[PDB]
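Read the single chain below, which is given as structure tokens and is the form deposited in one PDB entry.
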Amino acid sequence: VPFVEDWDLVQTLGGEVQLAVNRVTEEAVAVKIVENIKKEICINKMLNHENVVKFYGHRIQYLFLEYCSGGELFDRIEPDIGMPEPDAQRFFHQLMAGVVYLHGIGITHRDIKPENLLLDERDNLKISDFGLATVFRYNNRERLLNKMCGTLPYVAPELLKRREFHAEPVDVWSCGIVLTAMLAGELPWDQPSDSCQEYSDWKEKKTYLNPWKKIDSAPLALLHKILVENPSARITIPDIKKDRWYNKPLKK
């Protein structure tokens, strides 16, 4: 069929990311216009999951990826408010399904945040941007990480304190910060350091302060298990799936 290979760039989505529409079929795709690029394409070619942004191919580098019409999770969070608890729980279930998948194939995202969490037409959460992602398990052998990656309010404390650390508890921590943002509409600290008063207040269990005062006791008990400073004592995803609020039936 002629012209099915022609795509029209209609608007900027956020190098740059552009919404491209097929001339013939009117199918929409997101086009990412860019050592690190080669790894991103290689990691993207491994991915196939319902809660991970689809990769269609590559061809200046033009990465062709899934268009998510619901936009960013970031824009569903009302500043200092958050969102209804049942929406946050459903998005958190979908985030865990995505993270379990990635960890299962030995990939760590390393920059989980609401800007990188996209929503399709049915508001299904999709993990996006594997530009900072790396392989932490190969030939069933785990590789400890040492590189500084991520966004300070979402990074786990071990990344700032230790020379080497396990990949999986780092992504679990960033997921607990995303959960905090969804339920309170605010980030708890600039970074997880003892010099940070908000971080020190949390370790001292001062949950009568913001953002914790806005969060119900059942999701707050989950956050007490995720935002644990020692990554060896931090709750794992199999145990998050057993948490009481995680399995609480909720409706608006």
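Note that residue numbering follows the sequence shown and begins at 1.
Beyond what is shown, the protein has a form deposited with a partner chain bound; the following relates to that form.
Mind telling me which stretch in 200-208, 186-194, 216-224, 62-70 gets its heavy atoms within 4.5 Å of the partner chain in the entry with it bound? Looking at the other structure, the answer is 62-70.
Consider residue 24 of the chain shown here, and say whether it contacts the partner chain in the entry with it bound, taking contact as heavy atoms within 4.5 Å. Residue 24 lies outside the contact set for the partner chain.
Does any heavy atom of residue 7 come within 4.5 Å of a heavy atom of the partner chain in the entry with it bound? Although the partner chain is absent here, residue 7 would touch it in the entry with it bound, with heavy atoms inside 4.5 Å.
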